[PDB]
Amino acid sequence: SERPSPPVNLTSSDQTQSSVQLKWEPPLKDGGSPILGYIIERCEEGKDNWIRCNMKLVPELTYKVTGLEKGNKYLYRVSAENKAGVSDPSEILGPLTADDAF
């Protein structure tokens, strides 16, 4: 068995000043072992220090990032983990502003 490929079609909804709902679809290949769950990371748009949002692996295909600072702008990525390892991250989503749409 080997690491899975990245999650695909990472999208967002329900953007607020403190949070955003992320959603994605499973990897095209699981590497021969089932995906245990996903790892969500965020990064302030001007930096390159990615913060892991979730402790326990998310087995679902959605996750609410919280603890955002109002007015800030964030990048997001998600990775898939099986017993063999962790995929490269998905394509980067954003920048997404922590605010209320027009």
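One rule holds for the numbers: they count along the sequence shown, beginning at 1.
Q: Would 36-44 or 62-70 have the larger average of its C-alpha temperature factors, as given in the entry?
A: According to the entry, 62-70 carries the higher average C-alpha B-factor.
Q: Do the CA atoms of 27-35 or those of 53-61 have the higher mean B-factor in the entry?
A: Between 27-35 and 53-61, it is 27-35.
Q: Can you work out whether the C-alpha temperature factor of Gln15 puts it in the lowest, middle or highest third of the chain?
A: For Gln15, the deposited C-alpha B-factor lands in the middle third.
Q: Lowest, middle or highest third: which one holds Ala98 when the chain's residues are ordered by CA B-factor from the entry?
A: Within its chain, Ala98 is a highest-third residue by C-alpha B-factor, going by the deposited values.
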